Structure formats: C-alpha cells, structure tokens
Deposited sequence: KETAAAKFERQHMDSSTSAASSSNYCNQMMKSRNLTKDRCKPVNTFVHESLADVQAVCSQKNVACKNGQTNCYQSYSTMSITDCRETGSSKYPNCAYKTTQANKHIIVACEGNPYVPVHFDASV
C-alpha cells in the first residue's frame, strides 16, 4: 500500500504554514493519525519537502532504537509538537499544540535515500 516515504510525508510534513491552539486537533484527525487510536505524540515540520529530504545527507547520528541511519538537521526548523491531553478519550482525540524551532532527527532508508521516520527534536 502506502510507501514508508509517503507515510512520513502524511504523518510529519506540513509545509503549507503560524499554528493555532486547535491546530493539532484538526491535523491529527485530517492526516488519519486518530483513526484506530489516538497517536500519543506526533510532530509536524513546516519546512519544504526538499529541505527535510536534504537532512538525510546532513549530520549522521544514532537513532533512539540503536540503529545508525538517523540524521540531524544542521539548522533549526519550524515544527509543531502534538501531545495528547489527559482529558483525551478515543475517538474524540484531544491534543496540545506547541510550536518550536528545533533541530530535527529523522531516520532515512531506500533508494533514493529519504526520511521514513521522525525520531526526535533537539
């Protein structure tokens, strides 16, 4: 079905945008991240697809799971962290929205070598 690279774009890319306090509530729903369960934590990156793809050629770092295919951006990037609230109950998933400017760390795979997993922000 959906490729890993497409799944990364669906879950994590929002180049279209200044996020509101309801941003995560709307985006987690519209990107199908609340269909089977409320995904607890999810990050959206507001940079261009080209800039995020270029991270796979930037600073190589260890992934949280111990693999060696993670990469940290040389520059900070505009991102939005979505974190499920305590009062969230499926299927009415509820999220706190936090914008930040941080370096991102993604896992890269394949040919062409593209992001397939959002590992962390630092």
Where does the model have holes with respect to the deposited sequence? 18 to 19
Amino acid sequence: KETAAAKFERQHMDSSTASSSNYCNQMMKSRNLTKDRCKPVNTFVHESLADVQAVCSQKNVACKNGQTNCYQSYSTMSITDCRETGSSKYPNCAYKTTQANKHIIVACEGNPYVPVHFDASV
From here on, numbers count along this sequence of modelled residues.
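Superpose the two forms; the largest set of C-alphas matching within 1.5 Å is the rigid core.
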Name the stretch that deviates more in 6 other deposited structures of this protein: 50 to 58, or 31 to 39? Use RMS CA distance to the shown form, core superposed. 31 to 39
Would you determine, from the values in the PDB entry, which of 53 to 61 and 32 to 40 has the greater average C-alpha temperature factor? 32 to 40
The stretch whose C-alpha atoms carry the larger average B-factor in the entry, 89 to 97 or 71 to 79, is 89 to 97
Modelled-residue ranking by C-alpha temperature factor, third containing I104: lowest
Rank-wise, by C-alpha B-factor, drop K7 into the lowest, middle or highest third of its chain. middle
Sort the modelled residues of this chain by their C-alpha B factor and say whether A18 lands in the lowest, middle or highest third. highest
